[PDB]
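Okay, structure first, notes after.
Computation of the quantities below employed the complete heavy-atom set of this structure, encompassing side-chain atoms and omitting hydrogens, waters and symmetry-equivalent molecules. Below, chains carry the letters A, B, ... as their sequence lines are ordered, and counting in each starts from 1.
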There are 6 protein chains.
Amino acid sequence: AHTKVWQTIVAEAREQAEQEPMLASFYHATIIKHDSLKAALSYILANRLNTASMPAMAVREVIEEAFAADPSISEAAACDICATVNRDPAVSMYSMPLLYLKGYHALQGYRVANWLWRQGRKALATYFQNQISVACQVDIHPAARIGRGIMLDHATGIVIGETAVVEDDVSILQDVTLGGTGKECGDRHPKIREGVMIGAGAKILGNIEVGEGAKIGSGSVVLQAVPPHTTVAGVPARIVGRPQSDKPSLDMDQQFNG
Amino acid sequence: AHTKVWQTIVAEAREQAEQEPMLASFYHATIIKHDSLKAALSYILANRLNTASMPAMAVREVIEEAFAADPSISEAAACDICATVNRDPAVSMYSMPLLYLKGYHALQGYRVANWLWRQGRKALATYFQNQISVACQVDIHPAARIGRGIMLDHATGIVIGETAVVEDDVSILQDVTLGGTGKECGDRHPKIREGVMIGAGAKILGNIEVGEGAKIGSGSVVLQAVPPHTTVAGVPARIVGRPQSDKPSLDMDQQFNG
Amino acid sequence: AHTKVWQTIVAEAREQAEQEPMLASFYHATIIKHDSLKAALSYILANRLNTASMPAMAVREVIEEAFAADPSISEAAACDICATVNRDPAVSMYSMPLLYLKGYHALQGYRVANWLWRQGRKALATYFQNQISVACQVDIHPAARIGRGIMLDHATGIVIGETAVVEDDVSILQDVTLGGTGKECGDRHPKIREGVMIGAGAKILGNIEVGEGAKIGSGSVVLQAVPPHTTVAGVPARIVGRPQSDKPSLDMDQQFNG
Amino acid sequence: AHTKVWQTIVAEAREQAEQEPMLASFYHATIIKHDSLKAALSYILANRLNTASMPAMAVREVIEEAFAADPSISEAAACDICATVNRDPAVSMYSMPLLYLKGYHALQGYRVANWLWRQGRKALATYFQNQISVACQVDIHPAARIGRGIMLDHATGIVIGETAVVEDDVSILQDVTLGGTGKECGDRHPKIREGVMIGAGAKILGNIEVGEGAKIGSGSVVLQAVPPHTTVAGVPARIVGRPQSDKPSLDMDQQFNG
Amino acid sequence: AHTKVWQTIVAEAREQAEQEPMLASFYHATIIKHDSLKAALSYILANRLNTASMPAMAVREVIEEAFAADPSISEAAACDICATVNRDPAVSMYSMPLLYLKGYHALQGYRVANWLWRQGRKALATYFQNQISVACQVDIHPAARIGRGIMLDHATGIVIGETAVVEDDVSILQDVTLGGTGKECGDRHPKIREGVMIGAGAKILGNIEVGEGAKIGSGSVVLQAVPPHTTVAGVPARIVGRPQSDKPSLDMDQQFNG
Amino acid sequence: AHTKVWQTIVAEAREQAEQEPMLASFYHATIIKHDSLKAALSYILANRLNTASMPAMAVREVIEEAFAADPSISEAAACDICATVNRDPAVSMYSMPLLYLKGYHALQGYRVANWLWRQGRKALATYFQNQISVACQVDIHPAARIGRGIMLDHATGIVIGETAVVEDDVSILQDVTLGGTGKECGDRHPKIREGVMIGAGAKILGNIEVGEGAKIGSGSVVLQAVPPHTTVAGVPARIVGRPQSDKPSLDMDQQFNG
Ligand SMILES: NC(=[NH2+])NCCC[C@H](N)C(=O)O
Ligand SMILES: NC(=[NH2+])NCCC[C@H](N)C(=O)O
Ligand SMILES: NC(=[NH2+])NCCC[C@H](N)C(=O)O
Ligand SMILES: NC(=[NH2+])NCCC[C@H](N)C(=O)O
Ligand SMILES: NC(=[NH2+])NCCC[C@H](N)C(=O)O
Ligand SMILES: NC(=[NH2+])NCCC[C@H](N)C(=O)O
Ligand code: NA
Ligand code: NA
């Protein structure tokens, strides 16, 4: 996929460039000049991560070093594109998440902060985490554990704490909290299993599990484990049914009768 | 109202300039030196939309182009000022929405992006949409249809999706979603009719009508059509009462069970 | 506390400067160069409040004037750091709130805006409030009355309106609104007494008392006075339980009924 | 010439845009999207004049105001383009002076500052003068009187003082001074008449005439009036020959002893 | 003087502020808000010294530290203002060199680099020296020794090397070199004694003395000691007469018959 | 030389990072992070060439493409560093030209512009040339032919035109012009052969030979071929003597007759 995904992005960019002379250079410098998603993504992220104390051009090298050391980062990033193209009716182009969508930017920003975290460069990981919170309005602790094929749609107000886990193929909307409880260190954030769909505004708190292919109703406050393949809703949330599909993250059906 | 509004804005600006030497030049350059709201607003929005790849000065031209081609836009903008002064007790000056309020900026930004969208300049429309999301923390699809006399108070976390309709004289607080459902293209976002008030944090999802003068309680999750002149609250929302005025957007009474 | 807090911040700063060469100069310029919290905080705050019309270097002088004229401001700033270290398991360094946390930045920003407001410098206070709202995604009316030992964790989407009161030792999470009701001037915003804990996404509206040591459940919509030492939750919120500690803000137990 | 010049500039810009994808947006935003030289030039000069205290976008309005009030300014500007294309073998394109050459920018900058000066806006005139000195390394007093068909080639170190006069059709190379003498106010700068060429590094000092079609050799120091149609060279300069054309500014023959 | 000079600057600034609304805030933030030349000068210099790697706000502290450690720096800076007001017919206001003139900026920038040099902070002094060369087009080695009452008029292209000395009351115009000879370390730059006037373009090379109250002809190349109270001119320079006055720096008479 | 030069630069950099905490990160980001001159030089050059229309991060990719495509460019850059250390008594560190010296920046910038020009990318080469002229105050036509071991000391005002040739081991000071004559295309700029030294402010014009090992006196105006191993000086320049060394550029003896 990752190779075909890149070629399509370049094809789309050539077309957009021709269509919009105000953005022709933007499309060229970010995408068309480049050979790989890595080069395009590092540019775009460095611009979002830009601060007075560490300009974009300096930031880009850090991003490039993470991408070179861990090939899985760029590849997750390509899987995250497909996920959003597939699940979001408002996105029908592969170049869109890469260029435009702050939830996508914050997610790949996270991957870089996480790599830093894992190298022991914790100050710099904290610095990136909090710049992303300011610039993308998404707050993901660098020690969170996040899989691939993830869609963060709209994303304003997403909060993902330190010991949170998000497995492959999860879809999360604006204003979702995967939050902690208490003042003590240790496991205290939710574990979101594969295929889970989380509607706008949901709050999930404590070290609790959300089982495979569960659906979390929009506006839910979840304080206890959610069984696999159930739909929950309410404040606090209770089981209200069973999702129409095996992996409700892929289908994005917001209804809660099930 | 249009020129009374402009003349009041200029008079307030002169007074504020005299009072705050740190901001005299800001008041002069945005307001006092200008003949219309168009020139003031193009300047202020240009600064909000500013990015590395397209600086304010180049952005201003695109804003001015939309204003010159569609006169209703700046008409709507003046109308939105009066909306905010009338409805929001924390705002007693006509220059305040214009100068300061990110909800106001996001909304006028949408008008320009919508104009772009309507000319087939969709990449630039998308560019502006997402820059506004980043800068004003309000995400409105440029294809959404929004009337006039709209107040977006505080505004952080507002999402309004592709096929949404918002009629004249609506009030919408922070963290409100007018959201979609499913992965399929097609009509899938709410239709908010005239006079509706939407309390903070409400989520409304799917292609459902919210009838004229309905009141959506704070924190509500709305999945079904709301009868006109009805008050809904809860997760998921149900009818809890009926508003006394025909247009609760005008009065901003946040109490429900009434 | 004052001196011990600053000396600890300097020691951490020296330690971090040695671990991270990309940030050695950042740590030196903000912290290690300085002999008080005021110098460090004015610098960091100036950068966050930076706008085209009033650049950091200029803003910084305004912040310092406030710090010199009202010594209670830096003291409160010191107290809030301790509050965050003690209460947030993800923060174990005193220099972290100062340097990184937008909720912290926003709160100390409010303190400068409030001082300006108390001087009659209202245009500038409003300028500040709304820049903080855009840059930190926290919107606090400069006329709000806020005590000390306050933690705003994560903070995206926090709204605190004109007549709101927040006493000492309160903890408030992302997406919380202390909001108003109606279109008229007058007292209309919540009074949050000492010891209160407000979970993510809670909406409290109108001139209502939230009693000493109450806990407000995540996602709650509060329309009526909350008795002291009570836990409320729901949409609309009802009594679901009672906290065990006198000041649930100190413990951050998100559980309810609880 | 005026609209042939503009139309040629637009045609060249379209070709350059096609050739250089890195600069397509630059060519479009400065030239291709515009109807006149005025709009192109106001954009380009605004960027050159940009400073912390007055950004390009605000500067553009002042430039456009001068252009609207005094039509001769943009007339002069087009005439200066043709001067540079005709006289300078390294320049074969009409868009080149407009886009690239700091001598050209400094000169059109002076026209705007001179307009300001003539309206009594002397602080802003002085602000622009000195910003041009810093940005273009050309220092022209706004009260100087400069005609049209002027070429400032390379331009670094050009100084032209308060009471200087430069007539139409003059050519002036880098490091040329039209300088004053004494500490007293009053007429004390050269009068350079029509057709004069001034070679690199020439210094001309005091209220002295340089007669029509005189040629000032490179490196000359001129302290006395120069007869029309005369060639001077040396430190201090003396007559060394006579030019064959009536207007050596047109031919740029740098040889002397002839 | 230094006290009266400051009060006049504030009086002038209040007047300019009232005259030019585009610059009212600029005048307020730089001058009117302030109590001393130090505060105004550090602001203005920090803006000129601003680079990506060390923003203005960071630079200002370094400047302020030099001013606090060595009171003679601010006081020389006030004497340099008077010198230029007195000697330059184009400057009749005390606020002008401070705000506008790059030769003045470069000179006071030098004083700060020199203080750094003397403290052993040689990297930072070199960094400031070369930023001033880029931003003001004046290259003064931090180890140069420069007195007070100095006017650098127009200044483009001034070069003052490592072992150069400039005593009190010297006036230097654009494109003057006080330059070195050879490839060996040690004394190799000129010693400009008190009262000396140096015309535009002069080149003075080698460890040679220019005696009190000498006049250096514009465009002179000086390779041997110049006797006190003589006028030299030519390439290479010879004695052509005697200055009309005791201190030709004060009178600025460019004539060279004497 | 290559490897030894880079290793020395890194060692100095480490040393300077420890002496100056304000610059530790600057030294790390430009030098210590990197394993070749190319990475360090591309970064520093990008920042100098930074413009609104093409920011540093984007420019950097263009510089690197040139460095990769033509290995002779970095080699020449290495050689020029050595030339400056050896010849300028005020430079004893190999990292100084790289980091600080605009003449060095401008020359290496020329090398990128020249490469672009040789690819047919002439708009971009012209864009670069003129940005260098504004930012470094050196104006070198991209079609000029320049060798290696070149020192441009101080550099303000240097002009080198289209058909100029500069062979290896040439030293050129501030305010030197290698300039053209006439309005026609064709060979018209000087040929400066190996070993030549050009003193401050010298003007050499027309398609004339400056022979191997010549010395050009400061302030000279050269209109005719200079024999090899000759010293010329004056306006216009005549033979005044003969250099003792074969390559006066290596020794920098400014004396004439000499
Ligand atoms: N130099 C600066 N202004 N840095 C501001 C950003 C610091 C830190 N990355 C944050 O999240 O806020
Ligand atoms: N190349 C750039 N970073 N340009 C400005 C930022 C783009 C902006 N964040 C967007 O959403 O489109
Ligand atoms: N011209 C500007 N710099 N405007 C900045 C944004 C306006 C104002 N600072 C605000 O509250 O949002
Ligand atoms: N406050 C500022 N620095 N504004 C922009 C720079 C001013 C500019 N250098 C001048 O000569 O006037
Ligand atoms: N980070 C930067 N871009 N620094 C550029 C300036 C460096 C050094 N002060 C100089 O004179 O050039
Ligand atoms: N729009 C811009 N960024 N222009 C920058 C100046 C133009 C061009 N870089 C030059 O050679 O001077
Ligand atoms: Na899609
Ligand atoms: Na004067």
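In this structure, chain A has no heavy atom under 4.5 Å from any part of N50(C). Contact of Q137(A) with chain C is made through backbone and side chain together, with heavy-atom distances under 4.5 Å. Residue contact with chain C, scored on non-hydrogen atoms closer than 4.5 Å, involves the backbone and the side chain of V134(A) alike. Within the 4.5 angstrom heavy-atom criterion, only backbone atoms of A135(C) (N, CA, C, O) approach chain A. Interface residue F256(C): backbone and side-chain heavy atoms are both found under 4.5 Å from chain A. Contacts of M93(C) with chain A are absent, with no heavy-atom separation under 4.5 Å from either backbone or side chain.
Tested against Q174(C) for a side-chain contact (heavy atoms from CB on, under 4.5 Å), the candidates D175(A), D139(A), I158(A), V159(A) yield a single pass: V159(A).
In this structure, the side chains of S53(A) and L23(C) stay at 4.5 Å or more apart for every pair of heavy atoms. Taking 4.5 Å as the limit, every side-chain heavy atom of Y127(A) sits out of range of all side-chain heavy atoms of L99(C). Under the 4.5 Å side-chain criterion, counting only non-hydrogen atoms from C-beta, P89(C) is not in contact with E184(A). Looking at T181(A) and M252(C), their side chains never come closer than 4.5 Å, going by heavy atoms from C-beta outward. Between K122(A) and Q16(C), the closest side-chain pair of non-hydrogen atoms is not below 4.5 Å.
Looking only at heavy-atom pairs under 4.5 Å with chain C, the residue among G186(A), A123(A), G219(A) that has the most is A123(A). Your options are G179(A), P236(A), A52(A), and the one with the most heavy-atom pairs under 4.5 Å with chain C is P236(A). Note on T30(C), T156(C), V240(C), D153(C): by heavy-atom pairs under 4.5 Å with chain A, the leading option is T156(C). If you tally non-hydrogen atom pairs under 4.5 Å between each of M54(A), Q129(A), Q131(A), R188(A) and chain C, the highest count goes to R188(A).
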Using the side chain to side chain contact (heavy atoms under 4.5 Å, CB included) rule, take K183(A) and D88(C) through it: C-alpha gap first, then chi angles, then the decisive distance, then the call. CA-CA 6 Å; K183(A) 66 156 159 75; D88(C) 187 354; over 6 Å; no
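In this structure a side-chain-to-backbone donor-acceptor pair under 3.5 Å is present from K102(C) to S133(A).
For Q244(C), the CD atom sits in a loose shell: 12 or fewer heavy atoms of surrounding residues, nucleotides or ligands are nearer than 6.0 Å. No more than 12 heavy atoms of other residues, nucleotides or ligands lie within 6.0 Å of CG in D246(C), so this atom counts as exposed by the packing criterion. Within a 6.0 Å sphere centred on CZ of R242(C), heavy atoms belonging to other residues, nucleotides or ligands number 12 at most. Counting non-hydrogen atoms of other residues, nucleotides and ligands closer than 6.0 Å to CZ of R48(C) gives a total above 12. No more than 12 heavy atoms of other residues, nucleotides or ligands shown are found within 6.0 angstrom of CD on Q224(C). The environment of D187(A) atom CG is dense: over 12 non-hydrogen atoms of other residues, nucleotides or ligands sit within 6.0 angstrom.
Taking CG of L173(C) as the start and OG1 of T177(A) as the end, the distance is 7.5 Å to the nearest 0.5 Å. The structure places CZ of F26(C) at 10.5 Å from CG of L124(A), a figure rounded to the nearest 0.5 Å.
Nearest heavy-atom pair, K203(A) versus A200(C), reported as atom, atom and distance to 0.1 Å: CE-O, 3.5 Å. Heavy atoms only, all atoms of each residue included: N130(A) and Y100(C) are closest at CB-O, 3.3 Å. Across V235(A) and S218(C), no two heavy atoms sit closer than the pair CG1-O, 3.9 Å.
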